[PDB]
Amino acid sequence: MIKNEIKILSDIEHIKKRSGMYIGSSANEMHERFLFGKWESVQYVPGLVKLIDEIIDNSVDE
Amino acid sequence: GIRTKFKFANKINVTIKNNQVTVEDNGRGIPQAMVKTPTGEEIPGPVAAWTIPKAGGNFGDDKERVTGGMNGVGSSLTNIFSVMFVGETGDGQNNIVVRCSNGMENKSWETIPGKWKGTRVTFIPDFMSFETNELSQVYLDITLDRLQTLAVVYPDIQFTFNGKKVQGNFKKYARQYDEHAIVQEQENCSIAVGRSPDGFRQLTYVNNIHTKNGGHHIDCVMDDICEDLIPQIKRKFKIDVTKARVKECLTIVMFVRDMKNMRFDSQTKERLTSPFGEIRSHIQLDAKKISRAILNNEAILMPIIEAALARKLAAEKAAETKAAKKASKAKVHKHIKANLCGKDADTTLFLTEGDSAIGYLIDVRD
Amino acid sequence: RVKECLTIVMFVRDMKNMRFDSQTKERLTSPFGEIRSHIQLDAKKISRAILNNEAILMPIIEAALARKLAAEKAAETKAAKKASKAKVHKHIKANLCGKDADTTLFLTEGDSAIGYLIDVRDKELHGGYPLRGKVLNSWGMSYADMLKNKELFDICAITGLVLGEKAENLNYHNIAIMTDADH
Amino acid sequence: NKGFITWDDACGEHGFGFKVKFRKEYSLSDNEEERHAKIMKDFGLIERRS
DNA sequence: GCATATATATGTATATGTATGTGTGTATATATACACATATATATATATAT
DNA sequence: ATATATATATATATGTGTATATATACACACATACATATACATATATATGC
Ligand SMILES: Nc1ncnc2c1ncn2[C@@H]1O[C@H](COP(=O)(O)OP(=O)(O)NP(=O)(O)O)[C@@H](O)[C@H]1O
């Protein structure tokens, strides 16, 4: 029997347990990306790129 | 249904009529036991599940959790965008009614002695924030097709829509896409390969989730299929056809059951972003059998072969070069030409109907 | 099919109410009225500029003509090609042709002889076909080169005779050859 | 080439003699005036001229 | 438990409006594919040779 | 070890014959049909109404 106990979390614990909706993809995957104008097959983690881009877009918004 | 190993919630009534959705299952029940808020307020079980978000029974271990729910915000999100929301829960000893209204700004929980065992969620959606006013027939058709696909994935759960039973078989569902679709069923996977003549088509299900934008799973399955098919078509017809050119003519209807540690990039769960080692270990699909079965078929691969040689013959037929002083651009066999025609001059063209009436012309003209 | 051959670079500035489906903000789900009001891009002149451009349009034309070859190549029904035309238009098909009788074929010369052939023949046994002009040098010739002319092939088509083997399946039993009475 | 008729020749001193075996999936009307109207509609034996 | 009523869905039958004639020759031109032979020609395939 | 000298059956082509076919404009004023759709009646049925 699967244990189903209703647990209520704060902001930090719900982000850290459910990181997928908040930083997007958190696994190393292969896509096809325009780097330097070239449609090249890259393989990376989009979470770290998004993690830098949050600060980058905050500075551009400033 | 999964958390009781399909003994309970084995019938699911999804009735959508007059902008009102009633989903009733005979599960064991949302628990009456005491759960605690971090704020200190003592709130009972189903009302804390159905009013405040970030609450639910999927915050435990993730590697053994085979259910489609992770976030604990979903049915509360259903409560938020509904003008009327009643949840009637029976655990076998009591009936807990959680009634919310005015966009969950009114909420009240109540307990009646009773003997039902199941869950009934009856809600009328709010239309003030959505860009619609009524539930039209396309929404009911999408819901009925989803219940058909879920009955294909889970034949033990008897899904009913508006009091009408739904039979789900992978064979009739696969021939609904293409009647020559090659099927392959496993203990957790079920894949059908057909034809896509006007673009690329796909449909995939991880457990009970419609991940319409994809994931790592379809990429790994098409990689394992093309890793066997591409040297096979290279030895069969000696043609250099790429992975994407083979893949875009295929419609792939693959079904994944009993996944572990499923991760999704959004709340809507449309892209399975689990690590590729996890999906590659979980999925035991035999790609070489699908490769030989679509090789031996003449109705899918051989159309790609004849279309590719049609492209190459159309490329080979387009051959052109230059000519030394072309006469009157596109000239004619019987067309005699003035030698200063085309340049800046007053040159005249002659129109007659007789070949006898031009054999005198070439001497007497300029 | 037209727009799959283009790499399109869009840069949008000073957009208003940029609604997104996700935290990553990869899909702008703002309504098309607000974006159509905000984007003032004149796509007609871009269509005219790729109209005047040639090395984008020529892959579109070549892929389009190959697509129409793949489209109207694989179509139609009743693919039972053994006789596209029953006998010849000029041929007089006998009523007991193809079965065991004394079914006789007439190889006349000239289609202007077709007058009165149908009228007082045997409708069940007699049949006819007019030949054309004069005949090739068929002596000691390869089969592939004699097969490429229609007027000798139809004789081996209207009747199940094949050049490589004997005659067993004669649609016309007797072959009556009549030629012109002159030289 | 519709699976209804199979025609053959029965001419002689007069032309236009066609012996037609109708097929079993084509309906023969027991109403003979409806048979006459339908054979005029389909076979077109009445040519009208002004 | 039974009256009932009307609603819409599909036969159906006609009545629309077109669409294709070809009519039936006159008229205008043009094209086609074979058999009959020597006479060049040409172009490229093989030998050899150091 | 391939460049070249050379030889020989391919391509018109002549005229005579002997036979085919084909794109069109003309125009009524109908002829046959090509679907065709379309609106409306009525049936049943079932689910409401009682
Ligand atoms: N109709 C229902 N049937 C079964 N369990 C339900 C139902 N409604 C709510 N629950 C449970 O009540 C709790 C509330 O969690 P909920 O808000 O639904 O998020 P979730 O199930 O994790 N979906 P999501 O947030 O999108 O990942 C969970 O334990 C649910 O399984």
# chains A, B, ... in the order shown; residues from 1 in each chain; ligands from 1
call {"tool": "residues_near_ligand", "arguments": {"ligand": "ligand 1", "cutoff": "7 Å", "atoms": "only C-alpha atoms (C1' of nucleotides) and all ligand atoms", "output": "mmCIF file with N, CA and C atoms, in the first residue's frame"}}
result
data_model
loop_
_atom_site.group_PDB
_atom_site.id
_atom_site.type_symbol
_atom_site.label_atom_id
_atom_site.label_comp_id
_atom_site.auth_asym_id
_atom_site.auth_seq_id
_atom_site.Cartn_x
_atom_site.Cartn_y
_atom_site.Cartn_z
ATOM 1 N N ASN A 4 0.143 7.643 1.779
ATOM 2 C CA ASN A 4 -0.369 8.926 1.301
ATOM 3 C C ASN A 4 -0.737 9.776 2.511
ATOM 4 N N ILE A 6 -0.851 13.721 3.837
ATOM 5 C CA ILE A 6 -0.878 15.076 3.304
ATOM 6 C C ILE A 6 0.080 15.946 4.107
ATOM 7 N N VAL B 23 -16.433 14.138 -11.321
ATOM 8 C CA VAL B 23 -15.551 12.980 -11.397
ATOM 9 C C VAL B 23 -15.713 12.184 -10.113
ATOM 10 N N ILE B 30 -9.752 10.083 0.590
ATOM 11 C CA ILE B 30 -8.851 11.108 1.133
ATOM 12 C C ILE B 30 -8.950 11.074 2.655
ATOM 13 N N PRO B 46 -9.115 16.325 3.802
ATOM 14 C CA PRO B 46 -9.547 16.714 2.443
ATOM 15 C C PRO B 46 -9.711 18.210 2.239
ATOM 16 N N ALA B 49 -6.341 19.446 1.631
ATOM 17 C CA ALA B 49 -5.938 19.024 0.294
ATOM 18 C C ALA B 49 -6.619 19.861 -0.784
ATOM 19 N N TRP B 50 -7.829 20.348 -0.512
ATOM 20 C CA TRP B 50 -8.660 20.965 -1.536
ATOM 21 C C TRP B 50 -8.797 22.479 -1.411
ATOM 22 N N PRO B 53 -2.901 25.319 -1.292
ATOM 23 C CA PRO B 53 -1.998 24.534 -2.142
ATOM 24 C C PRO B 53 -0.807 23.987 -1.370
ATOM 25 N N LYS B 54 0.126 23.365 -2.108
ATOM 26 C CA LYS B 54 1.370 22.763 -1.600
ATOM 27 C C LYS B 54 1.108 21.704 -0.530
ATOM 28 N N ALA B 55 0.029 20.942 -0.691
ATOM 29 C CA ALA B 55 -0.359 19.913 0.261
ATOM 30 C C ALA B 55 -0.832 18.678 -0.489
ATOM 31 N N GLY B 56 -0.345 17.518 -0.067
ATOM 32 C CA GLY B 56 -0.732 16.276 -0.700
ATOM 33 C C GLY B 56 0.147 15.136 -0.229
ATOM 34 N N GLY B 57 -0.156 13.949 -0.747
ATOM 35 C CA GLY B 57 0.541 12.746 -0.340
ATOM 36 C C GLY B 57 1.531 12.230 -1.363
ATOM 37 N N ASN B 58 2.250 13.143 -2.018
ATOM 38 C CA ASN B 58 3.292 12.779 -2.970
ATOM 39 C C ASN B 58 4.587 13.524 -2.673
ATOM 40 N N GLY B 69 1.385 12.488 -10.040
ATOM 41 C CA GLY B 69 1.327 13.715 -9.265
ATOM 42 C C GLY B 69 2.583 13.902 -8.429
ATOM 43 N N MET B 70 3.123 15.115 -8.477
ATOM 44 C CA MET B 70 4.302 15.499 -7.708
ATOM 45 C C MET B 70 4.086 16.724 -6.838
ATOM 46 N N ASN B 71 3.347 17.718 -7.334
ATOM 47 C CA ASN B 71 3.522 19.080 -6.849
ATOM 48 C C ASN B 71 2.635 19.410 -5.656
ATOM 49 N N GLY B 72 1.504 18.725 -5.498
ATOM 50 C CA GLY B 72 0.639 18.983 -4.359
ATOM 51 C C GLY B 72 -0.167 20.259 -4.462
ATOM 52 N N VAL B 73 -0.287 20.827 -5.664
ATOM 53 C CA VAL B 73 -1.019 22.070 -5.870
ATOM 54 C C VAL B 73 -2.213 21.903 -6.795
ATOM 55 N N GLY B 74 -2.426 20.717 -7.358
ATOM 56 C CA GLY B 74 -3.327 20.546 -8.484
ATOM 57 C C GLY B 74 -4.821 20.657 -8.251
ATOM 58 N N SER B 75 -5.349 19.907 -7.282
ATOM 59 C CA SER B 75 -6.780 19.986 -7.008
ATOM 60 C C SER B 75 -7.141 21.284 -6.299
ATOM 61 N N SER B 76 -6.189 21.868 -5.564
ATOM 62 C CA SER B 76 -6.378 23.223 -5.055
ATOM 63 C C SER B 76 -6.403 24.237 -6.193
ATOM 64 N N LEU B 77 -5.622 23.994 -7.254
ATOM 65 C CA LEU B 77 -5.689 24.838 -8.447
ATOM 66 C C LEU B 77 -7.011 24.659 -9.183
ATOM 67 N N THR B 119 -14.464 9.044 -3.756
ATOM 68 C CA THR B 119 -14.288 10.479 -3.914
ATOM 69 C C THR B 119 -15.194 10.971 -5.033
ATOM 70 N N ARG B 120 -15.902 12.070 -4.780
ATOM 71 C CA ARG B 120 -16.705 12.735 -5.802
ATOM 72 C C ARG B 120 -16.327 14.208 -5.821
ATOM 73 N N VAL B 121 -15.733 14.653 -6.921
ATOM 74 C CA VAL B 121 -15.374 16.051 -7.113
ATOM 75 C C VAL B 121 -16.332 16.623 -8.148
ATOM 76 N N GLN B 267 4.291 22.836 -14.721
ATOM 77 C CA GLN B 267 3.182 22.333 -13.916
ATOM 78 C C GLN B 267 2.265 21.444 -14.751
#
call {"tool": "residues_around", "arguments": {"residues": "region 273-287 of chain B", "least_positions_apart": "3", "cutoff": "6 Å", "atoms": "only C-alpha atoms (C1' of nucleotides)", "output": "list in words"}}
result
residues 25 and 27 of chain A; 215, 224, 225, 262, 263, 264 and 290 of chain B
call {"tool": "write_last_selection", "arguments": {"atoms": "C-alpha atoms", "output": "CSV table (one decimal), in the first residue's frame"}}
result
chain,number,residue,atom,x,y,z
A,25,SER,CA,14.9,21.0,-17.2
A,27,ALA,CA,18.8,16.9,-16.6
B,215,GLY,CA,10.5,14.3,-23.4
B,224,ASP,CA,17.5,3.2,-30.5
B,225,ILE,CA,15.1,2.5,-33.5
B,262,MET,CA,9.3,11.3,-13.3
B,263,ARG,CA,10.4,15.0,-13.5
B,264,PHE,CA,8.6,17.6,-15.6
B,290,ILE,CA,10.3,-2.7,-34.7
call {"tool": "residues_around", "arguments": {"residues": "region 41-53 of chain C", "least_positions_apart": "5", "cutoff": "12 Å", "atoms": "only C-alpha atoms (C1' of nucleotides)", "output": "list in words"}}
result
residues 2, 3, 6, 8, 10, 11, 12, 13, 35, 36, 58, 59 and 60 of chain C
call {"tool": "select_by_dssp", "arguments": {"residues": "region 85-244 of chain B", "states": "helix (DSSP H, G or I)", "output": "number ranges by chain"}}
result
B: 137-153, 170-177, 216-237, 243-244
call {"tool": "atom_distance", "arguments": {"atom1": "CA of residue 138 (chain C)", "atom2": "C1' of residue 35 (chain E)"}}
result
11.3 Å
call {"tool": "residues_around", "arguments": {"residues": "region 5-22 of chain E", "least_positions_apart": "5", "cutoff": "9 Å", "atoms": "only C-alpha atoms (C1' of nucleotides)", "output": "number ranges by chain"}}
result
F: 31, 33-34
call {"tool": "interface_residues", "arguments": {"of": "chain C", "to": "chain D", "cutoff": "10 Å", "atoms": "only C-alpha atoms", "output": "JSON, numbers by chain"}}
result
{"C": [92, 93, 94, 95, 96, 116, 118, 119, 120, 121, 122, 123, 124]}
call {"tool": "atom_distance", "arguments": {"atom1": "CA of residue 338 (chain B)", "atom2": "CA of residue 361 (chain B)"}}
result
11.7 Å
call {"tool": "decode", "arguments": {"residues": "region 13-39 of chain F", "atoms": "N, CA and C atoms (P, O5', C5', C4', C3', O3' and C1' of nucleotides)", "output": "short mmCIF file (atom, residue, chain, number, x, y, z; two decimals), in the first residue's frame"}}
result
data_model
loop_
_atom_site.label_atom_id
_atom_site.label_comp_id
_atom_site.auth_asym_id
_atom_site.auth_seq_id
_atom_site.Cartn_x
_atom_site.Cartn_y
_atom_site.Cartn_z
P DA F 13 19.41 14.10 -93.08
"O5'" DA F 13 20.06 14.34 -94.53
"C5'" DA F 13 21.04 13.41 -95.04
"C4'" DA F 13 20.57 12.82 -96.35
"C3'" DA F 13 19.05 12.70 -96.47
"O3'" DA F 13 18.63 13.05 -97.77
"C1'" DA F 13 20.02 10.61 -96.86
P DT F 14 17.16 13.67 -98.00
"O5'" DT F 14 17.23 14.24 -99.49
"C5'" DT F 14 18.45 14.19 -100.21
"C4'" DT F 14 18.49 12.99 -101.14
"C3'" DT F 14 17.13 12.49 -101.58
"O3'" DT F 14 16.65 13.27 -102.66
"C1'" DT F 14 18.64 10.67 -101.11
P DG F 15 15.22 13.98 -102.56
"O5'" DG F 15 14.30 13.08 -103.50
"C5'" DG F 15 14.82 12.58 -104.71
"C4'" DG F 15 14.16 11.26 -105.04
"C3'" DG F 15 12.64 11.26 -104.88
"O3'" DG F 15 12.02 10.91 -106.11
"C1'" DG F 15 13.62 9.38 -103.77
P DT F 16 10.42 10.94 -106.26
"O5'" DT F 16 9.99 9.42 -106.02
"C5'" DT F 16 10.76 8.38 -106.60
"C4'" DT F 16 10.31 7.03 -106.10
"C3'" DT F 16 8.79 6.85 -106.00
"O3'" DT F 16 8.43 5.61 -106.59
"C1'" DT F 16 9.81 6.19 -104.00
P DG F 17 7.03 5.48 -107.37
"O5'" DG F 17 6.18 4.51 -106.45
"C5'" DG F 17 5.42 5.05 -105.41
"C4'" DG F 17 5.45 4.16 -104.20
"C3'" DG F 17 4.13 4.09 -103.44
"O3'" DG F 17 3.69 2.76 -103.38
"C1'" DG F 17 5.94 4.39 -101.97
P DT F 18 2.15 2.42 -103.62
"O5'" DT F 18 1.61 2.01 -102.17
"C5'" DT F 18 2.53 1.57 -101.18
"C4'" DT F 18 1.97 1.76 -99.79
"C3'" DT F 18 0.57 2.39 -99.72
"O3'" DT F 18 -0.24 1.63 -98.84
"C1'" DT F 18 2.04 3.50 -98.27
P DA F 19 -1.76 1.27 -99.24
"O5'" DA F 19 -2.63 1.87 -98.04
"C5'" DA F 19 -2.51 3.25 -97.68
"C4'" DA F 19 -2.05 3.39 -96.24
"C3'" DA F 19 -2.72 4.50 -95.46
"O3'" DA F 19 -3.99 4.10 -95.02
"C1'" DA F 19 -0.40 4.50 -95.03
P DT F 20 -4.99 5.18 -94.38
"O5'" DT F 20 -4.72 5.04 -92.81
"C5'" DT F 20 -4.89 6.15 -91.96
"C4'" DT F 20 -3.97 6.02 -90.76
"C3'" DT F 20 -4.10 7.15 -89.75
"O3'" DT F 20 -5.00 6.76 -88.70
"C1'" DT F 20 -1.85 7.03 -90.52
P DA F 21 -6.42 7.50 -88.53
"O5'" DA F 21 -6.09 8.77 -87.61
"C5'" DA F 21 -5.40 8.60 -86.38
"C4'" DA F 21 -4.30 9.63 -86.24
"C3'" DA F 21 -4.75 11.00 -85.80
"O3'" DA F 21 -4.79 11.09 -84.37
"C1'" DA F 21 -3.12 11.13 -87.56
P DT F 22 -5.85 12.07 -83.66
"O5'" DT F 22 -4.96 13.02 -82.70
"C5'" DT F 22 -3.59 13.30 -83.00
"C4'" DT F 22 -3.39 14.75 -83.43
"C3'" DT F 22 -4.43 15.75 -82.91
"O3'" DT F 22 -3.78 16.94 -82.48
"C1'" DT F 22 -4.17 16.03 -85.19
P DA F 23 -3.10 17.03 -81.03
"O5'" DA F 23 -3.18 18.59 -80.69
"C5'" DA F 23 -4.44 19.20 -80.48
"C4'" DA F 23 -4.47 20.61 -81.04
"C3'" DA F 23 -5.66 21.45 -80.56
"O3'" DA F 23 -5.28 22.82 -80.49
"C1'" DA F 23 -5.78 21.22 -82.88
P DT F 24 -5.60 23.67 -79.17
"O5'" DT F 24 -6.69 24.74 -79.64
"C5'" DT F 24 -8.00 24.33 -80.03
"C4'" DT F 24 -8.43 25.07 -81.27
"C3'" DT F 24 -9.92 25.24 -81.46
"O3'" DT F 24 -10.49 26.27 -80.58
"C1'" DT F 24 -8.86 24.72 -83.53
P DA F 25 -10.33 27.87 -80.82
"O5'" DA F 25 -11.47 28.26 -81.87
"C5'" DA F 25 -11.13 29.10 -82.98
"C4'" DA F 25 -12.37 29.66 -83.67
"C3'" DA F 25 -13.63 29.75 -82.82
"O3'" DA F 25 -14.33 30.96 -83.13
"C1'" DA F 25 -13.93 28.17 -84.62
P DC F 26 -15.70 31.34 -82.38
"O5'" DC F 26 -16.82 30.83 -83.40
"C5'" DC F 26 -16.72 31.18 -84.78
"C4'" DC F 26 -17.58 30.26 -85.63
"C3'" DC F 26 -18.90 29.87 -85.00
"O3'" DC F 26 -19.89 30.82 -85.35
"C1'" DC F 26 -17.86 28.04 -86.18
P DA F 27 -21.05 31.18 -84.31
"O5'" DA F 27 -22.16 30.08 -84.59
"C5'" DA F 27 -23.53 30.45 -84.61
"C4'" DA F 27 -24.34 29.74 -83.53
"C3'" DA F 27 -24.04 30.13 -82.09
"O3'" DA F 27 -25.25 30.11 -81.31
"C1'" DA F 27 -23.50 27.83 -82.47
P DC F 28 -26.41 31.21 -81.51
"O5'" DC F 28 -27.36 30.59 -82.64
"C5'" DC F 28 -28.60 30.04 -82.29
"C4'" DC F 28 -28.63 28.53 -82.45
"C3'" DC F 28 -29.60 27.85 -81.51
"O3'" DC F 28 -30.79 27.51 -82.21
"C1'" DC F 28 -27.40 26.88 -81.28
P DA F 29 -32.09 28.44 -82.09
"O5'" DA F 29 -33.13 27.57 -81.25
"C5'" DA F 29 -32.87 26.19 -81.00
"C4'" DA F 29 -32.67 25.94 -79.52
"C3'" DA F 29 -32.70 27.20 -78.63
"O3'" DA F 29 -33.75 27.17 -77.57
"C1'" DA F 29 -30.90 25.80 -78.06
P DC F 30 -34.66 25.88 -77.16
"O5'" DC F 30 -33.64 24.76 -76.66
"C5'" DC F 30 -34.08 23.42 -76.48
"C4'" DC F 30 -33.28 22.45 -77.33
"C3'" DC F 30 -33.25 21.03 -76.82
"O3'" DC F 30 -32.88 20.18 -77.88
"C1'" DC F 30 -31.12 21.84 -76.67
P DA F 31 -33.24 18.62 -77.86
"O5'" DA F 31 -31.83 17.91 -78.14
"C5'" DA F 31 -30.79 17.99 -77.19
"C4'" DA F 31 -30.26 16.62 -76.86
"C3'" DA F 31 -31.13 15.80 -75.93
"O3'" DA F 31 -30.81 14.43 -76.08
"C1'" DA F 31 -29.27 16.71 -74.75
P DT F 32 -31.45 13.30 -75.12
"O5'" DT F 32 -30.32 13.08 -74.01
"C5'" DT F 32 -28.99 12.84 -74.43
"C4'" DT F 32 -28.03 12.87 -73.25
"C3'" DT F 32 -28.54 12.17 -72.00
"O3'" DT F 32 -27.56 11.23 -71.57
"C1'" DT F 32 -27.73 14.34 -71.47
P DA F 33 -27.72 10.40 -70.20
"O5'" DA F 33 -26.90 11.27 -69.15
"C5'" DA F 33 -25.64 11.80 -69.53
"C4'" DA F 33 -25.14 12.85 -68.54
"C3'" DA F 33 -25.26 12.48 -67.05
"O3'" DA F 33 -24.13 12.98 -66.36
"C1'" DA F 33 -26.15 14.56 -67.40
P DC F 34 -22.80 12.11 -66.11
"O5'" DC F 34 -21.69 13.24 -65.87
"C5'" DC F 34 -22.08 14.62 -65.83
"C4'" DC F 34 -21.73 15.25 -64.50
"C3'" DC F 34 -21.76 14.30 -63.32
"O3'" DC F 34 -20.97 14.84 -62.28
"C1'" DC F 34 -23.48 15.85 -63.05
P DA F 35 -19.68 14.04 -61.75
"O5'" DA F 35 -19.82 14.14 -60.16
"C5'" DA F 35 -21.04 13.76 -59.53
"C4'" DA F 35 -21.79 14.98 -59.02
"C3'" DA F 35 -22.32 14.84 -57.58
"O3'" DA F 35 -21.59 15.69 -56.56
"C1'" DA F 35 -23.90 15.86 -59.03
P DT F 36 -21.19 17.26 -56.71
"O5'" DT F 36 -22.53 18.03 -57.12
"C5'" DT F 36 -22.84 19.29 -56.59
"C4'" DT F 36 -24.12 19.23 -55.76
"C3'" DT F 36 -24.08 18.29 -54.55
"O3'" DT F 36 -24.49 18.99 -53.38
"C1'" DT F 36 -26.10 18.10 -55.68
P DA F 37 -23.42 19.77 -52.46
"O5'" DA F 37 -24.08 21.22 -52.27
"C5'" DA F 37 -25.03 21.72 -53.23
"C4'" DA F 37 -26.44 21.67 -52.68
"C3'" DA F 37 -26.53 21.36 -51.18
"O3'" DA F 37 -27.56 22.13 -50.60
"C1'" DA F 37 -27.92 19.93 -52.35
P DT F 38 -27.33 23.65 -50.11
"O5'" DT F 38 -28.72 24.33 -50.54
"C5'" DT F 38 -29.62 23.63 -51.43
"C4'" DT F 38 -30.89 23.19 -50.71
"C3'" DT F 38 -30.81 23.22 -49.18
"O3'" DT F 38 -32.07 23.58 -48.63
"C1'" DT F 38 -31.36 21.07 -49.86
P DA F 39 -32.17 24.81 -47.60
"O5'" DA F 39 -33.66 25.37 -47.80
"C5'" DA F 39 -34.42 24.97 -48.94
"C4'" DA F 39 -35.49 23.95 -48.57
"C3'" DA F 39 -36.02 24.01 -47.13
"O3'" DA F 39 -37.42 23.74 -47.15
"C1'" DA F 39 -35.26 21.85 -47.58
#
